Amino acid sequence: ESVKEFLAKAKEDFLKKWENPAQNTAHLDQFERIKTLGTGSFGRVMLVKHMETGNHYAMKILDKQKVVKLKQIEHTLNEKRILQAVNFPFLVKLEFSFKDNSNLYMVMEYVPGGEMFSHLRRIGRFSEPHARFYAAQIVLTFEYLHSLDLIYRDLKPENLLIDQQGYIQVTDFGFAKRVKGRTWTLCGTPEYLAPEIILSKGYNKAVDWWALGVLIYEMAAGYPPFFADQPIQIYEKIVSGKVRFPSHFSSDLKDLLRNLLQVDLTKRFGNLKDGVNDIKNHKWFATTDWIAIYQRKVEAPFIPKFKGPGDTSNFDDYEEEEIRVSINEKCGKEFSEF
């Protein structure tokens, strides 16, 4: 098989970068800061312009002291180390990373179309074919990532950027990890967490396939299969054994979903002896041309409106905030490898 051969080459390519990561490939002063696209408890993501090229990037800025307070050091090193090493059309491209006294920076190629989350919430729900177009891309991406021993662990529409050709780029690798065995960290997003994570068992890449079922459900339904006002109530739902489908869900869609949202690991699609092929060969996917999807030759259900290079209207507005860089190095030994 050519898929295997693809994936073997992919792996050589990745391991070379994994084992010898790029470090320190730009400096903050090389970029003009334009606008905040998002904020979080340890950093923010801004639109910037690289002066030397005039290219636009999304620069993620992480406050090292906040990373340390939140016990996210290893996770942050995972994120940069994996991102600099992967290469797949549906993955955001990390063009540069560096650090200074205060902060870590990861500069990704700018995806102006915004997150799937925005377009899904506004439009309400996607048609089955529209959902399937997106789901195919996640299927290929996870097959790629998992072959490299990587677990992604934060699948949700919020992390799926829509590019100028209407294709996805996955962003936000802060919980991705290269692991051959099982792993135990409780992380992810409530609605997307597999039962074995909630129940504190060791788990593996099957959690990504359970999250795929959550995603497809949410894309085709317009709401997730398990929701409540509080996370504890969401967890009781997830572990309960019970999912209801809208009556508009095709019977094939419902059957994929029952196999993806399977509480039982020896039964979960993507986790069986035939692996990802159980999913790619499922009937819900019978019209999908996997190679044309990879090649981006399929016409997209939707192309975001682009007013021009540097537009941010597909992102929400955020209070701006100075970037102050300390005169003293913070946490140097913690982030030495970044």
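Numbering starts at 1 and runs along the sequence shown.
Student: Once you work out the mean C-alpha B-factor for both 26 to 34 and 299 to 307 from the entry, which is higher?
Tutor: Higher of the two, by average CA B-factor, is 299 to 307.
Student: For the stretches 160 to 168 and 80 to 88, which has the higher mean C-alpha B-factor as given in the deposited record?
Tutor: Per the PDB entry, the higher value belongs to 160 to 168.
Student: Looking at the C-alpha B-factor values in the deposited entry, which of 146, 93, 121, 244 comes out highest?
Tutor: Top of the list by C-alpha B-factor: 244.
Student: Using the entry's values, work out which of 153, 201, 178, 71 has the largest Cα B factor.
Tutor: When the deposited C-alpha B-factors of 153, 201, 178, 71 are compared, 201 is largest.
Student: Where does residue 60 sit by CA temperature factor within its chain: lowest, middle or highest third?
Tutor: For residue 60, whose C-alpha B-factor we compare with every modelled residue in the chain, the answer is the lowest third.
Student: Lowest, middle or highest third of the chain for the C-alpha temperature factor of residue 260?
Tutor: Middle third, going by the recorded CA B-factors of the chain.
Student: Split into thirds by Cα B-factor across the chain's modelled residues, where does residue 250 land: lowest, middle or highest?
Tutor: According to the entry, residue 250 has a C-alpha B-factor in the chain's highest third.
Student: Compare the C-alpha B factor of residue 75 with those of the other modelled residues in its chain, then answer lowest, middle or highest third.
Tutor: Bottom third by C-alpha B-factor.
Student: Should residue 267 be placed in the lowest, middle or highest third of its chain by the C-alpha B factor in the entry?
Tutor: Highest third, going by the recorded CA B-factors of the chain.
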